């Protein structure tokens, strides 16, 4: 069977889900229960967490512009996703997507992580660059499981306290 339905027009689908491609929802997964996790991500959205994905992530910035804050070679770096750009992110490269533009739309493709293969979410100290806090999660339902993880970081000065220099991470906003 065509478990995931027939082909359909993607620009019209994006237009039809505009109300979800902005705060507070931000993103919408295209198909459910599939191995390929296919998501369209809108904006605006900024975030301070870095994702440590044990598998690859594919990006195609269909509308508008965004960028990824990265750690590369032990250094803070930025990869621009200009409108029309595609990009393949290797496993475990720490990344923090920033999406300043309303009306933007990025196709993201990931694969389901098998049982035992954990994702990491972590925060870094703006003063000295040391890792402040990391949580590992079996990421089955990100839409609903990530918000409480992030909220528990924002809520705890202990979690936000840099172990190296003592500076308390600002939490939700840079």
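Residue numbers count along the first chain shown, from 1.
Chemist: Give the stretch, out of 108-116 and 59-67, with the larger mean C-alpha temperature factor in the deposited entry.
Modeler: Result: 108-116.
Chemist: Decide which of the stretches 7-15 and 161-169 has the higher mean C-alpha B-factor, going by the entry.
Modeler: It is 161-169.
Chemist: For the CA B factor values reported in this entry, which option in 134, 46, 51, 140 has the top one?
Modeler: Largest recorded C-alpha B-factor: 140.
Chemist: Per the PDB entry, which option out of 76, 99, 92, 82 has the greatest Cα B factor?
Modeler: The listed residue with the largest C-alpha B-factor is 76.
Chemist: Give the position of residue 32 by CA B-factor within its chain, expressed as the lowest, middle or highest third.
Modeler: For residue 32, the deposited C-alpha B-factor lands in the highest third.
Chemist: Looking at the temperature factor on the CA atom of residue 38, which third of the chain's modelled residues does it land in?
Modeler: Its C-alpha B-factor, which the entry lists for residue 38, ranks in the lowest third among residues of this chain.
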